[PDB]
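Just so you know, structure 1 and structure 2 below are the same protein chain in two forms, each on its own as structure tokens.
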Structure 1
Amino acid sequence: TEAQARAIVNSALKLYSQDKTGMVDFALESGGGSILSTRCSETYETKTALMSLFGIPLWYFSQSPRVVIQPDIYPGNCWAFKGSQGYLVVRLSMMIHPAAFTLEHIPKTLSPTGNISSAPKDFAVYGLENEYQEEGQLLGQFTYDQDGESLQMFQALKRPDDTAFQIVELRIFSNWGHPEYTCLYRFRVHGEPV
């Protein structure tokens, strides 16, 4: 079983190094995703990020929704929107048939407070045919589970036909109890290009 052990280890590490999933993330900004920042809910003013130049601290700012489609997930590298409800619209790097979505949040073991009450809880994902469309196609209704793993995957509803989308809306309806804000670390969109 030794050579098999090495194979299992290498397979696990290889999957881990491929963005932990081995799947294209069509929302990822560096690969061509974009936030439609005119169609996001209000940013909560945490002002907990320090900006310096040449080692000189200059001022404190709050994270933009762009961080939702960037990979760093150390505690605090999340977009905080006001209250427990919000929405985010992302333009994808390709026209795809969506198959699944991923939401990540930090594990409780890394949160200073002991809890992740600011994490999203109930949410839904919609497909939009153009960036001005108000009523999208429901791609799924989901709950991010505060007792589950840090990274959670959610399966899209597949319609009997195949409509492709290049715009996706995430609606968060509730969080795990934080009254002031909800913090979104990363949202990924997976699927098959047309």
Structure 2
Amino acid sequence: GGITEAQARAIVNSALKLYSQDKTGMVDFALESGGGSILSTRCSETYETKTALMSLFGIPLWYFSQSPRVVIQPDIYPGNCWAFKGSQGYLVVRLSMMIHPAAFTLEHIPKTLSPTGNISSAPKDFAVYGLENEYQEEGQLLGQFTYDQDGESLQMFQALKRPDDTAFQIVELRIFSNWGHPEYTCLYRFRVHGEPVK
């Protein structure tokens, strides 16, 4: 019933190898360094706090706030997230290749690293759509989901299966609710997985 030292070493080494491969071992076709980009935020309003002041020699220069581009960058230390006003938001992403989308990942910080002890700014209900071109107003539904505030930091979601599989190079993420924060919603990272067209 019990394992040997050699077998324990193999299990440890295999787990660290997967960890080192962006945690998942799967291509992220939204990743900015790999060819993904942010096209649009529609009518979303980036939350303007006016608290992060950059200065030199005592001279005020600029107020700093995070860009929507941080959602397709891998750092997820607290605060490395895009914040929009209210709890409804929109993000249009161009993928690095034309693919058949099969799954999506959403990450948020865990409660143990949040200074208040809660993650009420995290997204709750959301959906993903496939678009044929940047200017399409309503795309094809790829799935509707809920990010669970009592789950793990990284959560994965499976796309709907249809008898005809259409390929897309643009997707739209829509956030419909958050976990109760009354001023804003924060998005740390969104990933898109699937199979490239041959």
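Residues that one form lacks are left out of the comparison. For clarity, a rigid core is taken as the largest C-alpha set superposing within 1.5 Å between two forms. Here, residue number means position along structure 1's sequence, counting from 1.
A.B. asks: Which residue of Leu138, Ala164, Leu36, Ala49 is the mover here, meaning its C-alpha shifts by 2 Å or more between the two structures once both are aligned on the rigid core?
C.D. replies: Looking at each option in turn, only one qualifies, and it is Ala49.
A.B. asks: Using the core for the fit, does the CA position of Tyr60 change by 2 Å or more between the two structures?
C.D. replies: Result for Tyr60: yes, a 2 Å-plus shift.
A.B. asks: Using only residues present in both forms, find each stretch of at least 3 consecutive residues where all Cα shifts reach 2 Å or more between the two structures, with the core as the superposition reference, and list them in order along the sequence.
C.D. replies: Residues 37-40, 46-60 form the runs that move by 2 Å or more between the two structures.
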